[PDB]
Amino acid sequence: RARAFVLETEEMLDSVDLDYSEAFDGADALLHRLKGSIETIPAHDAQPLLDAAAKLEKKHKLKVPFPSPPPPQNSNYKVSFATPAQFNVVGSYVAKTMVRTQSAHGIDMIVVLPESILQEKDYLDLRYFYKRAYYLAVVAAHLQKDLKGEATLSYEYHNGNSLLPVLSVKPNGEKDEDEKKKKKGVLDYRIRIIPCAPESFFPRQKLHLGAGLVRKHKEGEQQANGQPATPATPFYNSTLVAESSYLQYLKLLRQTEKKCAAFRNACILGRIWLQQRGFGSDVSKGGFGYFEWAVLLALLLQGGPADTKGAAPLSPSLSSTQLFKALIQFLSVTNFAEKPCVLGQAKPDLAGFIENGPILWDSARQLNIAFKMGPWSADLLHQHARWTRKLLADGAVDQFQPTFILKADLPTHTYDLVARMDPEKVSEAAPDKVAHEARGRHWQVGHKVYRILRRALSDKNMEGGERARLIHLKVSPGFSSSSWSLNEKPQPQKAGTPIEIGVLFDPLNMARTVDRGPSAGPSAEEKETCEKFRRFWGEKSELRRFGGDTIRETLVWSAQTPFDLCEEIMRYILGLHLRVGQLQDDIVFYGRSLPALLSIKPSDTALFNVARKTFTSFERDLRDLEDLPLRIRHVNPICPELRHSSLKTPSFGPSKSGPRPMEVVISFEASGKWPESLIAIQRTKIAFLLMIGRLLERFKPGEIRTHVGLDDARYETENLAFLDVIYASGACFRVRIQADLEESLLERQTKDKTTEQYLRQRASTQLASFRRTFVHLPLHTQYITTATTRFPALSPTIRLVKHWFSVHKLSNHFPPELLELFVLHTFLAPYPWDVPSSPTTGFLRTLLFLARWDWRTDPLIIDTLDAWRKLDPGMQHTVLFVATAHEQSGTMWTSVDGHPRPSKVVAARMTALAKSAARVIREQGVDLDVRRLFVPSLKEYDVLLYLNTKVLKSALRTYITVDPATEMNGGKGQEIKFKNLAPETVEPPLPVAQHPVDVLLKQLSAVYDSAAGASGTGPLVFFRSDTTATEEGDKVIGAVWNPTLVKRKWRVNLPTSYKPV
Amino acid sequence: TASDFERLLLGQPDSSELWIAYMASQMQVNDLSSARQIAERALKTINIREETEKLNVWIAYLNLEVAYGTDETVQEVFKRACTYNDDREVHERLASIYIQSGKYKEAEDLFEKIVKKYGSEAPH
Amino acid sequence: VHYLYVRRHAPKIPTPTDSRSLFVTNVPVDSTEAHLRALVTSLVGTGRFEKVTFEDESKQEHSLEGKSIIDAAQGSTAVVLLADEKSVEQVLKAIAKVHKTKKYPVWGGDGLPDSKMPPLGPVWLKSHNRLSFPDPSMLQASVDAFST
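Protein chains in written order, with full-length UniProt numbering: chain A, 34 to 897, 915 to 1111; chain B, 1494 to 1617; chain C, 30 to 103, 145 to 218.
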């Protein structure tokens, strides 16, 4: 792991490395010439507000006073301009850490005001920031005069801070070795001038976050034991002290460079970490970037642990590999993601971890490093750092290439909303009073909706366990421009503010009906009567009895089909507490196959009920208590109806459905009286099964009926007969007999027939198909029935992906467990994404991973090759490779069916439709027009044939228990029943209500292929015609001609339809 | 460095203090698996009669299993350490280790275990 | 139109059960004893038809192989058996002149149209009947007759 990470950090270094002639002289030229002009600037007199306005209206350039601008009745001071006194480079360029980032990067350029312009109280009430804006305005006007009008310029904000307005210059052209600087869109893209303050002029101890530095009330803000009365403004205080202390930070950072020059690749890897994790130094993205990463790395060089011993993986004689492992470990575990908001703080040198206070404190300066960061971004970093911890903690699979993207902040549940708080007193329930204007640094609505939805969706159990339906939250201010032009003072917006709510859900308690609270008080406690409960709820406060004899303040939600109770939560509480700004969620994927039971749609109970409860009562205990010449050894259910993979969560009755007959392997004890011939072994299996059947019919559950039918799933085995048991509640169960000498004799049949020299391929396919039928399905279903308790999105995710492959017509050749392990690849090894807390998110994850996987060099390994790739370089026999610890061969569910594999077949089409899915989701978005995903194109087909079924209306959907076809009235209630389908004869008319094209295309999957190969909606395994025989699909076959048959010679081993030429 | 450590080990193989120095460098480079590898290398290649060096490697590995390990690994190494060394002494070392680490509840469970098992002959 | 090829199976028959047959290639869809007796009686001057053995069709519906290609315990070509020598020679001189009626001087439209047996509802649905509901008396009798 370690040497691989070293060499992979080196390859990314030589890939994102730089050019020396680019750096010097391309940046150096403009740096020197801009400093020349900024020193040829002249200084003006100390002028008041009226002179400032009087020149600012007449000149083209405007000031940047943030709201609110100071009036002349509140402004008694004077503002001046003076000659700049200093020059330094800051950020990443003075440290030489910069990398070629394809979008942009900005080199920040300090200029510091002289000390004679300021007054010792100017850190009170917005004065110094007004002088700062005026200094910037004069620098602006005179640089417009001395550039002779050739370079363009815009107004911006530094790090998204609305209290630091800045200017960023943009070029337009490129020559060889002149001024102009366009082609370097990383280093020479942006030169952001920053106005700052000198060092140690304002009292930092009063610049502490807990002191309120905006005085608005003067009546009653005393006699309260110090200063809790004047409320603390941490964003404003921290911003002021950071603007005055930009300098000695870079001094300390340069010190850390020359004490360890591994800082280069250190913050290179940290910067690519942040750029891929989608954050930044912008306050909209959390305000965590290269600067914070560097200064946290520095203080963790000079300490960090509790006993102030040095950070053990951070001695100055290490490399960037272990340095980045150290930072991801510390950011995950000690006090640097969410713990610096809930349970502790850090110190600067000598650095320590103490168990109090939300702050990233530095002491000699009195500054929070995490002032732009909230608890939202905190828990986000905690998740990301835990993921990186386990990804660099594993030691079998390479994890340098996977880098995390925020599926938690961009889920499928993009609840867009339009909230127009104009006017504020009538369209916002929280009063944005002058106190709120002082506290919030123009992010009041953000903090408000953060707290509102977090307390809205958090629950509280009875044992004190703080369990919620959410773990993360972030508001993304879409259409928030940080750049504006030269003729306007603020950044105004006329289209309102869009508020995006991206929540990573908790699937263990997502779909729970009950919302929980505190003990329903004898006297109403403040927790019962706060802004989290009965007042905050209103009409949904009630009293509900538990299963544990305590009675608490509770809620009762609804469990429904097309959307979620969390969607109901957010709609109702948003409309109540922010305002009536509307909510819509129209991403339709919950319209799956809808099972016909009580309370549509039933949650994870119906599959359980029918399969498991009818399995227990009654056939299993009865079959184990029968008397027989041979005793049974195991009764293990191996179906999707147990393992949560069935396309239809089954009901009581549906003998017309595909996956309703439940296949289970049965076996008897070790007995040597089985014969040595396969036909004889299968006939003794039949005879034993007939004894079981007669006793099952003669005992008192004789309302169950049995029958012994033949099977044709295997080739060259025509004597296989089962017992499908028809339970009194309409369940179906196919039993099969597995024998050790049966396995060894079929290995012998694969062994012999050496003379003809051309039988070993078909012998191998029949052997592997037989092993698939009998051996490994036990271990598969035990593993996934174990995994379903920790991953609850699995069965609806499998239903979505198998529905997509069904409407695209490929699962006739694709086995269902192939699709199962393909989705468990996105589930159980979820890197580089989060856990799928929605079935929709899981479906999109499989779709995008299948869009970004190639079958040519990358195999699929999932934690639930070099002898095959060499003999198959063009891979005409095998396209996929899915190997586990359960199967290390990787060819067990892939090449046993005999999938044709040129570039003009099922597999390449599968690849192409996944690509087109990724294209359309990337291009137009997620809207109502997504259903081009679920309609098929029917292109690239040589001959097309439409078929029609001889059924009456609402057939077969009503007996496959799915509820489209409004023409059958009552599909949303309980009108359909199957105890009348429970038949009187086993002949027609019981199997006449089945669908014929399924087994027609089994014969049309039983003879040709050497002529042609087709795929239709029929033989789609464990799926009937219904959802593709409604409007959502159609009954078609599309037959393509293989490229191997164009024209050939007259043979006898021809098989095809050839004509004379 | 690891090559320096291997050179000083081929110079002095029985040297438990250098063994713990090498695995402690592996703690500083966070490779606890290679630290286990080094500890078992000490347990094999440290010679038969050097009981004090063996118990030094043992109690260091117990420090690892209480500090960075988990319950199952600390109990299996406790079993192996009493299987190959003195039960009373490895129990008292884990007790003082619990005293140092502050894990006082499981410390109390170990104390009642050792006054049950070895209160018959130890007054200490 | 469907083309049917006819060559002599006579120069490679050492087995007595393959006596006096015809090597057919590309038998049409659902080619059975009924389609064969219909075509041999529609050919004029022809003897008697008995049996098609080795009727494992390998074309007219999709998949990798056929159904009975390997003896599991230990090419769509059929073996059409006729009455005797005279019936074989008559069907040879009849299929020869049919292959010449491809270019017959009135028109080539005098060729025989091959009427299919289309899979009707229940007639095909006996496939569902044999996968799930066969006759237990016959199944019991067969399994006891072998297991005895």
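We put the beta carbon where it would ideally sit given N, CA and C, even for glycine.
Look at A:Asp141 here: in three-state DSSP terms it is strand. Bounds of any alpha helix (DSSP H) do not take in A:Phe732, whose DSSP letter is neither H nor E. Interface with chain A (8 angstroms Cβ-Cβ cutoff): C:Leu33 is excluded. By the CB criterion at 8 angstroms, A:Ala184 and A:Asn205 fall inside the cutoff. Taking the Cβ atoms as the reference, A:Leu997 lies roughly 7 angstroms from A:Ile1087, within the contact range of under 8 angstroms. Closer than 8 angstroms to the CB of B:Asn1578 there is not a single CB belonging to chain A. A contact is defined here as three or more CB-CB pairs under 8 angstroms, and the segment 705-713 of chain A fails this definition with respect to the segment 753-769 of chain A. Beyond the five residues adjoining it in sequence on each side, A:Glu572 comes within less than 8 angstroms, by CB distance, of no other residue in the same chain. Between A:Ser636 and A:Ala544 the beta-carbon gap is near 6 angstroms, inside 8 angstroms, which marks them as a contact. At a cut-off of 3 residues, the continuous stretches assigned as beta strand (DSSP E) that sit fully inside the segment 945-1021 of chain A are 993-996.
Between the C-alpha atoms of C:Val58 and A:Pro950 there is a straight-line separation of about 23 angstroms. Closest by C-alpha distance to A:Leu854, out of A:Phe838, A:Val199 and A:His813, is A:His813.
The alpha-carbon separation between A:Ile301 and A:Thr341 amounts to approximately 27 angstroms.
Using a Cβ distance threshold of 8 angstroms, A:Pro338 and A:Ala331 do not count as a contacting pair. By the Cβ neighbour-count rule, A:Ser700 is buried, with 16 or more other Cβ atoms within 10 Å of its own. Of all C-beta pairs linking the segment 39-59 of chain C to the segment 145-155 of chain C, three or more are shorter than 8 angstroms, placing the two stretches in contact. Bounds of any alpha helix (DSSP H) do not take in A:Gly1088; it lies within the beta strand (DSSP E) bounded by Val1086 to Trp1091. A:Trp570 and A:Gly511 have their C-alpha atoms roughly 29 angstroms apart. A direct Cα-Cα distance of roughly 25 angstroms separates A:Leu640 from A:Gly735. For A:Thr787, no alpha helix (DSSP H) run applies, since DSSP gives it neither H nor E. In the three-state reduction of the DSSP assignment, A:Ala397 falls in the coil class. For A:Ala1064, the C-beta contacts it makes with chain C under 7 angstroms involve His91, in order along the chain. Secondary structure in the segment 58-102 of chain C: the alpha helix (DSSP H) runs of 4 residues or longer, each lying completely within the stretch, are 62-71 in chain order. At least one C-beta of chain A is nearer than 8 angstroms to the C-beta of C:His198.
According to DSSP, A:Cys765 shares a beta bridge with A:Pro694 and A:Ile759.
Distances from the alpha-carbon of A:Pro1041 to those of C:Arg77, C:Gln160, C:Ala148 and C:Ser197 put C:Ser197 closest. The Cβ of C:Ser146 sits closer than 8 angstroms to at least one Cβ of chain A. Put simply, the backbone Cα of A:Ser945 is about 19 angstroms away from that of A:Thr1094.
Taking all protein chains in view, the Cβ of A:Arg578 is surrounded by fewer than 16 other Cβ atoms within 10 Å, so the residue is classified as exposed. Residues of the segment 1502-1533 of chain B with a C-beta less than 7 angstroms from any C-beta of chain A: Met1520, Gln1521, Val1522 and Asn1523, listed in chain order.
Per the Cβ contact rule, the segment 522-530 of chain A is not in contact with the segment 458-472 of chain A (fewer than 3 Cβ pairs under 8 angstroms). In the DSSP annotation of this structure, A:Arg625 is not part of any beta strand (DSSP E), being labelled neither H nor E. The residues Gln355 and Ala359, in chain order, have a CB closer than 6 angstroms to that of A:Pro346 in the same chain once the five nearest residues on each side in sequence are set aside.
At least 8 angstroms separates the beta-carbon of A:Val247 from that of A:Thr272.
Taking C-alpha positions only, A:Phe755 is separated from A:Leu722 by approximately 7 angstroms.
Contacts between A:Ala452 and chain B, judged by CB atoms closer than 7 angstroms, are missing: the closest CB pair is about 48 angstroms apart.
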